[PDB]
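Next come the chains, spelled out residue by residue.
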Amino acid sequence: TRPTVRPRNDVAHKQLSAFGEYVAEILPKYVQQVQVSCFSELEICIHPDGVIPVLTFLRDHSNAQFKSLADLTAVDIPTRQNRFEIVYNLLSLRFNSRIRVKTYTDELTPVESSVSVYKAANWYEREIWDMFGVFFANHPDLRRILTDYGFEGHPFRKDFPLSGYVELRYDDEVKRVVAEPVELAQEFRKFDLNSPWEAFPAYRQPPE
Amino acid sequence: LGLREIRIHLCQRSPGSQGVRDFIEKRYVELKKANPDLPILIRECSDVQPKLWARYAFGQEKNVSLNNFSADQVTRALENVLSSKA
Amino acid sequence: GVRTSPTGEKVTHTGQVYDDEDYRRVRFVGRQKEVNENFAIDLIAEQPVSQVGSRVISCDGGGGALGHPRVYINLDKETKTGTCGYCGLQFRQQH
Amino acid sequence: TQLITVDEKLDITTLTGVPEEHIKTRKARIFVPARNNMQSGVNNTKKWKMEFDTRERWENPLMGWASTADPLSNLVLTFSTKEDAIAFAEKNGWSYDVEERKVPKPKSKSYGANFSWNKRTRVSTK
Amino acid sequence: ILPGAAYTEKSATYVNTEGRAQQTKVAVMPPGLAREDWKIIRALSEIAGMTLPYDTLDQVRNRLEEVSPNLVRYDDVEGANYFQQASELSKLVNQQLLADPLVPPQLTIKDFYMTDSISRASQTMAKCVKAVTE
Amino acid sequence: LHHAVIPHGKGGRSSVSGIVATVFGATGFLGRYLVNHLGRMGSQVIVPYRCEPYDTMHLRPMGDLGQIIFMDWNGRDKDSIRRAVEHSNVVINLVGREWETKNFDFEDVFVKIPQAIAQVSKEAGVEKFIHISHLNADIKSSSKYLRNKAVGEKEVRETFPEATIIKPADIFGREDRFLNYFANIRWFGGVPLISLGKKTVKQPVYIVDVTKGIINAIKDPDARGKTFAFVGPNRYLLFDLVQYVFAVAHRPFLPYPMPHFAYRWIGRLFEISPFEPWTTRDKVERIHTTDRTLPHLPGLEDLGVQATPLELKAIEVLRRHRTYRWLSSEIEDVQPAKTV
Amino acid sequence: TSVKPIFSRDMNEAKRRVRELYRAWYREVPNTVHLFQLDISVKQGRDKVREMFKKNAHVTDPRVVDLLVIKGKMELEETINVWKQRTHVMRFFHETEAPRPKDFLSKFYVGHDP
Ligand SMILES: NC(=O)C1=CN([C@@H]2O[C@H](COP(=O)(O)OP(=O)(O)OC[C@H]3O[C@@H](n4cnc5c(N)ncnc54)[C@H](OP(=O)(O)O)[C@@H]3O)[C@@H](O)[C@H]2O)C=CC1
Ligand SMILES: [Zn+2]
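Residues numbered from 1 in each chain as written, not as in the entry; some residues may be left out. Chains lettered and ligands numbered in written order. Part of a larger assembly, values for the part shown. Heavy atoms only, no water.

- This entry, as listed in the PDB, derives from cryo-EM and reports a resolution of 3.1 Å.

1. Points about the overall build of chain E
Part 1 of the argument: Per the secondary structure count, chain E includes five helices and two strands.
Part 2 of the argument: Listed N to C, the secondary structure of chain E is β-β-α-α-α-α-α in terms of helices and strands.
Part 3 of the argument: For 134 residues, the compact-globule estimate of 2.2 N^0.38 gives 14 Å, and the C-alpha radius of gyration of chain E, at 21 Å, exceeds that figure by more than 25%.
Part 4 of the argument: For chain E, the C-alpha atoms occupy an extent of roughly 50 × 50 × 30 Å along the three principal directions.
Part 5 of the argument: Buried positions account for 25% of the 134 residues belonging to chain E.
Part 6 of the argument: Excluding contacts between residues fewer than 6 apart, the proportion of contacts in chain E whose partners are at least 24 apart in sequence is 38%.
Part 7 of the argument: About 9,500 Å² of surface is accessible on chain E, with carbon and sulfur atoms providing 59% of the total. (Helix = DSSP H or I, 4+ residues; strand = E, 2+ residues; numbered from the N terminus. Rg over C-alpha atoms; globule rule 2.2 N^0.38 Å. Buried < 20%, exposed > 50% of the residue type's maximum accessible area, 1.4 Å probe, protein only. Contact = heavy atoms within 4.5 Å. Areas by Shrake-Rupley, 256 points an atom, 1.4 Å probe, with all protein chains shown as cover.)

2. Some words on the arrangement of the chains
Part 1 of the argument: By contact count, the dominant pairing among the 12 pairs of chains in contact is that of chains A and D.
Part 2 of the argument: With no contact formed, the shortest span from any C-alpha in chain B to any C-alpha in chain F equals 35 Å.
Part 3 of the argument: If you take every C-alpha in chain B and every C-alpha in chain G, the smallest gap between them is 21 Å, and the two do not touch.

3. Observations regarding the site of ligand 1
All names here are of chain F.
Part 1 of the argument: Lining the immediate surroundings of ligand 1 are 25 residues, of which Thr 27, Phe 29, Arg 50, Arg 97 and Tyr 145 lie closest.
Part 2 of the argument: One of the side-chain nitrogen or oxygen atoms of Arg 50 is found 2.5 Å away from an oxygen atom of ligand 1.
Part 3 of the argument: Here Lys 149 contributes a side-chain N or O atom positioned 3.2 Å from an oxygen atom of ligand 1.
Part 4 of the argument: Notes on ligand 1: free accessible area 880 Å², of which the protein chains cover 93%. (Near = heavy atom within 4 Å. Polar contact = N/O pair within 3.5 Å; in protein donor to acceptor, adjacent residues only side chain to side chain.)

4. Some remarks on the coordination of the zinc ion (ligand 2)
All names here are of chain C.
Part 1 of the argument: Ligation of the zinc ion (ligand 2) by protein atoms is provided by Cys 59 (SG), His 68 (NE2), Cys 84 (SG) and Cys 87 (SG), these donors lying 2.0 to 2.3 Å from the ion.
Part 2 of the argument: Angles of 93 to 122° at the metal separate the four donor atoms of the zinc ion (ligand 2), which places the site in the tetrahedral class.
Part 3 of the argument: Mapping the donors of the zinc ion (ligand 2) onto the primary sequence gives the spacing C-x8-H-x15-C-x2-C.
Part 4 of the argument: Since its relative accessible area comes to 4%, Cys 59 is described here as buried. (Donors = N, O, S within 2.8 Å, 3.2 Å for Na, K, Ca; no water. Tetrahedral: all angles 85-135°; square planar, octahedral: opposite > 155°, others 65-115°.)

5. Side note on the pairing of strand β3 (residues 48-51) of chain D
The side chains of a regular strand alternate between both faces of the sheet.
Residues and elements named next belong to chain D.
Part 1 of the argument: One ladder, built from three bridges, connects strand β2 (residues 27-31) with β3; its direction is antiparallel. Note that in β3 the partner of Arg 29 across the bridge is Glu 51.
Part 2 of the argument: The pairing of β3 with strand β6 (residues 77-79) spans three bridges and is antiparallel. Bridged to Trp 48 within β6 is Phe 79. (Pairing = 2+ DSSP bridges.)

6. Side note on a nonpolar patch on the surface
Residue and element names in this part refer to chain A.
Part 1 of the argument: Taken together, the side chains of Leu 168, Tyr 170 and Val 177 define a hydrophobic patch exposed on the protein surface, amounting to about 250 Å² of accessible area.
Part 2 of the argument: As for its placement among the helices and strands, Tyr 170 is situated in strand β8 (residues 166-171).
Part 3 of the argument: Judged by its relative accessible area of 39%, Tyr 170 falls in the partly exposed class. (Patch = residues over 30% accessible without salt bridge, like charges linked within 9 Å, V, L, I, M, F, W, Y side chains within 5 Å. Salt bridge = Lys/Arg side-chain N within 4 Å of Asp/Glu carboxyl O.)

7. Considering the pattern of salt bridges
Pairs may arise between side chains of opposite charge once their charged atoms sit close together.
Part 1 of the argument: By the definition in use, this model includes 75 salt bridges over all chains.
Part 2 of the argument: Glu95(G) serves as the salt-bridge partner of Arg176(A), at 3.2 Å between the closest nitrogen and oxygen. Taken as a pair, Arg176(A) in strand β9 (residues 176-181) and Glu95(G) in the loop between α4 (86-90) and α5 (104-110) lie in two separate chains rather than in one.
Part 3 of the argument: The partly exposed category is assigned to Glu95(G), whose relative accessible area is 36%.
Part 4 of the argument: Between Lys202(F) and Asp170(F) there is a salt bridge; the shortest N-O distance is 2.7 Å. Here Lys202(F), found in strand β9 (residues 201-202), pairs with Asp170(F), found in the loop between β6 (164-168) and β7 (171-172); they are 32 residues apart in sequence, far enough to count as distant. Like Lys202(F), the residue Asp170(F) is buried in the burial classification.

8. Regarding unusual backbone geometry
Both trends apply: most residues other than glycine have a negative phi, and most peptide bonds are in trans.
Part 1 of the argument: In the Ramachandran plot, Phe58(B) falls in the positive-phi region, its phi being about 60° despite a non-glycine side chain.
Part 2 of the argument: Assignment of secondary structure puts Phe58(B) in the loop between β3 (51-56) and β4 (61-65).
Part 3 of the argument: We classify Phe58(B) as exposed; its relative accessible area is 81%.
Part 4 of the argument: Phi is positive for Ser195(F), close to 55°, though the residue is something other than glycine.
Part 5 of the argument: Of note, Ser195(F) is situated in the loop between β8 (192-193) and β9.
Part 6 of the argument: Judged by its relative accessible area of 35%, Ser195(F) falls in the partly exposed class.

9. Details of the packing of helix α1 (residues 29-39) of chain F against helix α6 (residues 207-219) of chain F
Residues and elements named next belong to chain F.
Part 1 of the argument: Contact geometry for α1 and α6: axes closest at 9 Å, N-to-C directions at 55°. When the axis of α1 is compared with that of α6, the two are oblique. Crossing hand, α1 versus α6: right-handed. Only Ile 207, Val 208, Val 210, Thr 211, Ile 214, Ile 215 and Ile 218 of α6 make contact with α1, whose side of the interface consists of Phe 29, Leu 30, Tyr 33, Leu 34, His 37 and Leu 38. (Axes fitted to C-alpha atoms, helices over the stretch in contact; angles between N-to-C directions. Parallel < 35°, antiparallel > 145°, perpendicular 65-115°, else oblique. Left-handed = near helix turned anticlockwise from the far one by under 90°.)

10. What about the packing of helix α1 (residues 18-27) of chain B against helix α3 (residues 71-84) of chain B?
All names here are of chain B.
Part 1 of the argument: Across the interface, α1 lies against α3 with an axial gap of 7 Å and an inter-helix angle of 75°. Looking at the two axes, α1 sits roughly perpendicular to α3. Contacts between α1 and α3 pair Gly 19, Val 20, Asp 22, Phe 23 and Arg 27 from the former with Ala 71, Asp 72, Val 74, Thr 75 and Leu 78 from the latter.
Part 2 of the argument: Class assignment of the residues belonging to the contact of α1 with α3 gives a composition of five nonpolar, two polar and three charged. (Nonpolar A, V, L, I, M, F, W, Y, C, P; charged D, E, K, R; others polar.)

11. Some points on the sheet that holds β6(D)
Residues and elements named next belong to chain D.
Part 1 of the argument: Taken together, the four strands give an open sheet; going across it, the order is β6-β3-β2-β7, and neighbouring strands pair in mixed fashion. Edge positions in the sheet fall to β6 and β7 (95-98), since each has one partner strand and no second. The sheet shows a mean angle of 25° between the axes of neighbouring strands, taken without regard to direction.
Part 2 of the argument: Of the strand pairs in this sheet, β2 and β7 are connected by four bridges, and their pairing is parallel. Bridge pairing in β7 links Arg 29 to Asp 97.
Part 3 of the argument: Contacting β2, β3, β6 and β7, helix α1 (residues 82-91) crosses the sheet at an angle of about 165° to β7.

12. Side note on the packing of aromatic side chains
Part 1 of the argument: The full count for this structure, using the stated rule, is 36 aromatic pairs over all chains.
Part 2 of the argument: Aromatic side chains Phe19(A) and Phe66(A) sit 6.0 Å apart centroid to centroid with 45° between the ring planes, which places their arrangement in the tilted category. Of the two residues, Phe19(A) is situated in helix α1 (residues 10-26) and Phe66(A) in the loop between α2 (51-60) and β3 (68-76); the sequence distance between them amounts to 47 residues.
Part 3 of the argument: Classification of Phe19(A) by relative accessible area gives buried; the value is 14%.
Part 4 of the argument: Grouped by ring-pair contacts, the aromatic residues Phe52(D), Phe79(D), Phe88(D) and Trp94(D) constitute a single cluster.
Part 5 of the argument: Positioned above the aromatic ring of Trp83(G) is the side chain of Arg143(A), whose terminal nitrogen or guanidinium carbon lies 4.4 Å from the ring centre. (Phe/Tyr/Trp six-rings, centres within 6.5 Å; stacked < 30°, edge-to-face > 60°. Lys NZ or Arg CZ within 6 Å of the ring centre and 35° of its normal.)

13. Topic: the interface of chain D and chain A
Part 1 of the argument: Across the boundary between the two partners, chain D contributes 40 residues, which contact 29 residues of chain A.
Part 2 of the argument: Taking both sides of the interface into account, the surface hidden between chain D and chain A amounts to around 2,800 Å²; carbon and sulfur atoms contribute 53%.
Part 3 of the argument: Note that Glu208(A) is salt-bridged to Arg101(D), the shortest N-O span being 3.9 Å.
Part 4 of the argument: The interface formed by chain D and chain A contains 14 residue pairs in polar contact.
Part 5 of the argument: Contributions of two or more residues to the side of chain D that touches chain A are made by β4 (57-59), β5 (66-68), β6 and α1 of chain D. (Buried area = accessible area lost by both parts, 1.4 Å probe.)

14. Here's the deal with the side chain of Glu316(F)
Part 1 of the argument: Within the fold, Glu316(F) resides in helix α10 (residues 310-318).
Part 2 of the argument: Only 2.8 Å separates the side chain of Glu316(F) from the side chain of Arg174(F), close enough to count as a polar contact.
Part 3 of the argument: If we ignore the near neighbours within four places in the chain, the residues touching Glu316(F) are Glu173(A), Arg174(F), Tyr206(F) and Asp39(G).

15. Comments concerning the environment of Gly19(E)
Residues and elements named next belong to chain E.
Part 1 of the argument: With respect to the helices and strands, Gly 19 occurs in the loop between β1 (13-15) and β2 (21-23).
Part 2 of the argument: A relative accessible area of 32% means that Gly 19 is categorised as partly exposed.
Part 3 of the argument: The spacing of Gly 19 and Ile 118 is 99 residues in sequence and 24 Å in space, taken between C-alpha atoms.

Below is the structure:
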């Protein structure tokens, strides 16, 4: 398995497991899961009431010092009752390390804005309002950031279609760019590509 | 102007259809021999309440809920249907 | 071998030609209907049937890695020639 | 406290920005997708799917392409259970119909039954 | 001629030989100006001044439940009892048998490939008939 | 009915409306909005153009791909007309000039070319032909425009008997020569008017009303062989019509009587230009011709078009003529004109 | 059924926020007609605001109407500040669209949609 297989870094796996135990026992009020992936990435799955207590820990604790907010992301998974999964990616420049803090919400629960911890989130979770519909309480300037100004709907939700519900064109009657219902001259051809044969037995779920 | 069809809905297993079942086991054949050209459509189903539909002339339908009746009450309601023709 | 409909419109190698009562001929009014006059179905009939002395022949169309995948063609039927699925070059066992 | 008591029905139709034509006049179909009989594998029959009724696909005048006016046409959502898809349809106001999962029944196979003494299940060849 | 829809062209309740009611789904839409069948009948009733009490497909299925409530419970075979009363009613009129033998209209594979208007309009079924005759 | 021309879709830009239209004169004021309202339904619009193709540029975003077919045509050449109409199922005629040029007169534009288009459309099998006359068309009219347009209405009715001939009164829009014309006599002087402009009555009709009327006449089989009169809802005298024009634009309105024998000498003073003339004596005769009342002809209300009054669209037309000091005032910040 | 609010404890504070938002739109509409130089009357824009408010009038969930107040304040900030243009304000006035078929008979005539 030498040339074509990725080598495994067991030292970083062990170090992130020990730091995950560390974080899970310092903050057991909010930490729900801790898991270390096979390519040695750490995930601290918390409760959405612990955004500000955990992230101010990792921003300030002398064994963490995750001073950089790399990315802030929601993921729509509709089969869960809390369909949105807010993902905080953190970089500790002191310990040369990265951590992932994951939490959850539905459409109607506010997640507390992390602009008091990392100011970088001031646009990112703003984008999460724009793309997913997650409201962030106590955000300084929360509005849309990427969509058009009169845009109804939230694009990166999976119930929102690929082409939207409207399309623009210029109209010389009203001398104005107008929105009409979308009609494609060619429909986006949906390809069913999933093989009926299992590829990975290690990821096999138990049956009902 | 007149009765055109009767539709009797019931369940195979529910107790509210029970007396309705007692109407068909005992008192249906001589009903059919009373009106051999009147369609009396029996429709059994899974979890329906017993119901008596009377379609009249020009598409008018009357609607009698036969829930928890005895067989005598079903007989009286159906003879009211046969004798009304309104 | 391109042919022409009674409207004057040329017929493609598919068999596509607009009807006389079809309004969509108006896109070719004052302009041209671009057809390719080299029909592949006409130009594969010009090829000679390759007489060989083997029972199972192989075709990659020429070029090796410049043609198509190498398929193996059975030549047991003395009634029918053996046609390649890709290139359409047909073969025959000469006995 | 810092929690409120909402006994109301969960309905976010006014928030998702979908127009009314694609809220009230669509029929979501919730179903386990049937196994393609061209294949023997059953991994595509594991999860539930929500699809929609197929609206009008017509022909482009220019190229003959399949033009459409349905935005919800290519939208197939994947759910882990039936009740999750029921909750997701009832959350967005989509009227739906649910097909049950159709599992294959357990067979009683026997290789020796191919060569019985007195039963009709003898194979005529092998 | 009122141009209707096909079975791959409408959502449509069909009942098999065992009483199980099932529904098709709209695979494609009907060609040309042809519409779904009960849509045509309901539009005809709106023109004729005798307007039918439905507007959508689910309301047609509510009327369809009103006439017989098993046509809306899909992939369920509802048990039908009461063979005894139909047997007693069958003994009233002493209808006499004919002298002909029981012969079905389909004896060979030739008589299989064309039964309805769809198979009679086919060229694959026509090649099947031409194959099995020679 | 052919299978490629069956109406499909929901009537959007990329749909098939089943309408194949040859719109003669689509490079003008009515043809702009006509090709607009056709191409948004998903129609095959054939535009025969006489002008530079640059002057047809604004007709290109109005529909989907391949839905506007531009082709050359000459009114003194039946070959190009038959080249244009031979595939259409409706021909619309919008050929017009307010002035007679060096090579064309009012008879070439209104009698010769419309009879040629209607005759060629008859002998090519086109079912529907729409001709656009003027409401004040009359044989004994003082203006040569309205005389030749009445003669052309007669010839189109006799050589294509199933034609829909439409009478607009005086069409206003952004690119008109009616409210823009009334605006632009703050340049020349004090907007002169025959008999103070109070012996003539007008009922101007909005252009999208005329466009919806043309399209609803295309879609109506009962509009075959009719004669429609498209007028706006309110009748105005010319005086307070011009006063409302100058009140929307907030210009100094100071009218004065100019007599009839002297306001045609001003008409010949501006038609000696080789360009598009600023005015002519024919335009003098037609601004000072009252819009006649023809109640026997059907109108916009019989095609389902609700007529838009001037007090909704006059701000849209006449915001362009304002100076900056009163440029942003609103639609309601004006007293309406007096109707009759 | 024990959920977390956004702003409103119940429907009273929620209706208060809807009411204040309609007050702000009603005060804003004359400026929106003026400085976008829209060619509509002020009454017509106020009736469009009343239509956009009555469209959501069937909601009984405090969190959903909290989000509707939030999105209405966002559109109001996009209208007070000139971040919308004339096109974005006139997109509430569906003017280039045809009147869609409403009865069964015309929907039957034009197509297949229920
Ligand atoms: N208010 C009005 O203007 C009213 C007009 N009408 C009628 O409606 C029609 C259209 O009006 P409108 O758009 O305002 O006028 P325009 O002059 O602006 O438009 C005329 C159109 O026809 C073309 N055209 C003009 N003269 C000729 C010619 N000699 N040969 C070939 N093409 C020519 C023009 O294109 P090109 O660039 O080639 O010149 C243009 O596309 C006319 O028939 C007019 O009489 C009726 C009532 C009121
Ligand atoms: Zn080959």
